[PDB]
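> whatever this is, show me its structure:
(chains A, B, C, D, E, F and G)
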Amino acid sequence: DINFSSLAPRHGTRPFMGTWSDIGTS
Amino acid sequence: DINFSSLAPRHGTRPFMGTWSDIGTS
Amino acid sequence: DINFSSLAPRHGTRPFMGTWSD
Amino acid sequence: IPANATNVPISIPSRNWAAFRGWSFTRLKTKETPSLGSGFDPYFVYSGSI
Amino acid sequence: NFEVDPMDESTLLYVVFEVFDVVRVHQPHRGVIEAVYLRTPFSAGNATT
Amino acid sequence: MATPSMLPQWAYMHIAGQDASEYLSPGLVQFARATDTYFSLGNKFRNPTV
Amino acid sequence: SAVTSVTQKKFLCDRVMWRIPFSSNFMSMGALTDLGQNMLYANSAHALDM
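Numbering: from 1, shown residues only, chains lettered A, B, ... in the order given. Coordinates below:
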């Protein structure tokens, strides 16, 4: 906005069966 | 971390008309 | 006469006396 | 840790380490640490912050 | 193995081995309570019943 | 008395395996989210994290 | 007029060796103990620290 900071192509995700981080790309 | 994944069901809140009510096991 | 480490029953107690499951 | 000693030799027997996480460590003083597993420790003469 | 500074008084080393302490409890009937307690890399009942 | 009673029992005791949402019976999960604003079943069921 | 006095107690065992069985009820029931053959049905090594 007033000073730049717009970035990020990210959301984050954790597959089910617990929270199990990394899906390793789909 | 030190151990804390001891958390709730990963539900979301129940849907309503007029912000709140109770539906129990429905 | 009798002394220790020789007090042998061999036999168990319970599952010989017939029981069958629900 | 003995008095004025520079090393602590720690050895753990052969053990399964299935679902092991890290370690943590800190140094205490013997007189400031009470012995748990006793109803009374008669040699505990401290009462500051344990 | 650990190397520590000299102290002029006796000291202890507190080593914590981080595990899972599962305390798990179930009631199958009124006034009945049951439990099973299990830990993984360090555990009790691992050389006796 | 070792490893052949750790690994199958991870799922059972909730060190590994499914989380509370897929573990609990569906009626209890519908209850748990209907009352949560006032009486909470949260922090009583373990979620595994792998 | 008898001075104030505090009780002391001791025991003595001479010609005895202390015995701790390897049973879960501590009784003799046969020379091969019931935990001795429980350790044949659960073939695993362990350390003993006394």
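
> so what touches stretch E:32-49?
Residues outside stretch E:32-49 that contact it (CB atoms under 8 Å, 6 or more residues apart in numbering or on different chains) are D:15-20, E:17, E:19-28, F:1-2, F:6, F:9-10, F:13, F:15, G:24, G:35, G:38, G:46. (C-beta placed from N, C-alpha, C; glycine too.)

> before we move on, what about stretch E:6-17?
With CB under 8 Å, 6+ apart as the contact definition, stretch E:6-17 has outside contacts at D:1-6, D:8, D:10, D:20, D:23-31, D:33, E:2, E:4, E:41-42.

> ok, stretch F:31-39 next?
Judged by CB under 8 Å, 6+ apart, the contacts made with stretch F:31-39 from elsewhere in the structure are B:8-9, B:11-14, B:20, B:22-26, F:24, F:41-42.

> just the buried members of these?
By the neighbour-count criterion of 16 or more other CB atoms under 10 Å in any protein chain shown, the contacts of stretch F:31-39 include these buried positions: B:8-9, B:11, B:14, F:24, F:41.

> now do the contacts for the residue nearest to the spatial centre of chain F.
Centrality entry for chain F: nearest residue to the mean C-alpha point is residue F:20, 3.3 Å, by CA atoms, centre = their mean. Contacts for residue F:20 were tallied using CB under 8 Å, 6+ apart; they are B:7-10, F:45-47.

> about what we covered before: what is the most widely separated pair among the contacts of stretch F:31-39?
Taking CB to CB as the measure, the contacts of stretch F:31-39 reach their widest spread between B:20 and F:24, a distance of 23.5 Å.

> so what's the residue count around the nearest residue to the residue nearest to the centre of chain F once chain neighbours are set aside?
In space, residue F:20 comes closest to residue F:45 once its chain neighbours are excluded; the distance is 4.0 Å by CB to CB, 6 or more residues apart in numbering or on different chains. Look at residue F:45: counted by other CB atoms under 10 Å in any protein chain shown, it has 19 neighbours.

> phi, psi of the residue of chain E found nearest chain F?
Residue of chain E nearest chain F, by CB to the nearest CB: residue E:22 (4.4 Å). With angles defined as degrees, to the nearest 10, residue E:22 shows backbone torsions of phi -90, psi 120.

> who are the contact partners of the residue lying closest to it once chain neighbours are set aside?
Once its chain neighbours are removed from consideration, residue E:22 has its nearest residue in residue F:13; the separation is 4.4 Å (CB to CB, 6+ apart). Neighbour list for residue F:13: E:20, E:22, E:24, E:36, E:38 [criterion: CB under 8 Å, 6+ apart].

> please report how far the first one lies from residue G:43.
Remark: distance between residue E:20 and residue G:43 (CB to CB, to the nearest Å) = 25 Å.

> residue E:38 falls within a strand, correct?
Yes - when classified by DSSP: H, G, I helix; E, B strand; the rest coil, residue E:38 is found to be part of a strand.

> distance of it from chain C?
The spacing between residue E:38 and chain C, counted by CB to the nearest CB, to the nearest Å, is 26 Å.

> what bridges to that residue?
Note on residue E:38: beta-bridge partners by DSSP bridges are residue E:22.

> neighbours of it, how many?
Residue E:38 sits with 19 neighbouring residues when counted by other CB under 10 Å.

> again with residue G:37
10.
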